[PDB]
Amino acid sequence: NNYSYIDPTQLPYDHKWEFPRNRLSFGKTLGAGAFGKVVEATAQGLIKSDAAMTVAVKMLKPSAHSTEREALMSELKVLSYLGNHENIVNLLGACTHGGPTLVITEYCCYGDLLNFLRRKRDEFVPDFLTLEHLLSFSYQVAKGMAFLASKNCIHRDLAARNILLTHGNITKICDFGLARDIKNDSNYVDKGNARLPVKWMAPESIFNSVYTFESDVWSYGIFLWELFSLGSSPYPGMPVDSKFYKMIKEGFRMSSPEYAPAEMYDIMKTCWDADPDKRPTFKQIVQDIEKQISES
């Protein structure tokens, strides 16, 4: 074993990220859960010494178990190893002393795509949301995940609620709390006992707790359905129950959403192949959508 995969979570925290927490002023809460929250904040002198900048800050509550603190640090280390990409919510800094650990990321001023699509739903036509916008969002998300996959990382919670929108109609993948580097094993088996995004999950993830590059692609197919339905909930009217799992196992798939081009529903159908090996890669999806964009 003289050659090994470098586990990014085993690498030392790089203090190049460190930022004084008293230069942050917290604002509105952007998301919250049992373990912690993400808040809007002003960062004084973060990039330029004399300028204030709006950021998002991720934090655990003081009651958070030791397991949660290490997990937030592991997320920080994954983001540090991944590096910058246009289509992810990038790491900007961290506060690792003087209080609870804070992870400072880019702030996306339009919020999550799911809520955005639901707002623009009434005024959509194929500042009006158009089909060109939807194709762009599909392309940008595929580019972001191709980047993640090229770094041997899986996200494991891809969904329109975890895609954010910023200036210039740029979409960024967010929430890397469950992202894993799967270099060594080519998959990840989840040993946890958390609430899971069942309607976005590949059947092998539901039934065998197996997560792979191919299960991220399944979720991307679901995301496309959210996108071209302008934010409808997946499997409308179907609760998550015995019948849901049975139908998924037997091959039931959502039909084409109202505004999806035939070539985009073709992508979703392949993303939802019961055989993971028959699903496209994100690199293939990027190329496919690139062709569709250039044909207007």
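Throughout, we count residues from 1 along the sequence that is shown.
Novice: When the other entries of this protein are compared, is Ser296 unmodelled in at least a third of them?
Specialist: In all of the other entries, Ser296 has coordinates.
Novice: Report, as yes or no, whether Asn1 is left without coordinates in at least one third of the other compared entries.
Specialist: Yes, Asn1 lacks coordinates in at least a third of the other compared entries that model both of its neighbours.
Novice: Indicate whether the chain is continuous between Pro126 and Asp127 or, if not, how many deposited residues are absent from the coordinates: none, 1 to 3, 4 to 9, or 10 or more.
Specialist: 10 or more residues lack coordinates between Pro126 and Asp127.
Novice: Going by the mean C-alpha B-factor recorded in the entry, which is higher: 57-65 or 242-250?
Specialist: Taking the mean C-alpha B-factor of 57-65 and of 242-250, the larger value falls to 57-65.
Novice: Which has the higher mean CA temperature factor in the PDB entry, 266-274 or 229-237?
Specialist: It is 229-237 that shows the higher mean C-alpha B-factor.
Novice: Between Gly168, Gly177, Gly93, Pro203, which carries the biggest CA temperature factor in the record?
Specialist: So the option with the highest C-alpha B-factor is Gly168.
Novice: Given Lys143, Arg119, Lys172, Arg156, identify the residue with the highest C-alpha B factor in the PDB entry.
Specialist: Checking the PDB record, the top C-alpha B-factor among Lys143, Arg119, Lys172, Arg156 is at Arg119.
Novice: Comparing against every modelled residue in the chain, figure out the third that the C-alpha B-factor of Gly221 lands in (lowest, middle or highest).
Specialist: For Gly221, the deposited C-alpha B-factor lands in the lowest third.
Novice: Place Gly83 in the lowest, middle or highest third of its chain's C-alpha B-factors, as listed in the PDB entry.
Specialist: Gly83: CA B-factor falls in the middle third of its chain.
Novice: By the recorded C-alpha temperature factor, relative to the other modelled residues in its chain, which third is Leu114 in?
Specialist: Middle third, going by the recorded CA B-factors of the chain.
Novice: Against its chain's modelled residues, does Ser209's Cα B factor rank lowest, middle or highest third?
Specialist: Middle third - that is where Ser209 ends up once the chain's C-alpha B-factors are sorted.
Novice: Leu102's Cα B-factor: lowest, middle or highest third of the chain?
Specialist: Bottom third by C-alpha B-factor.
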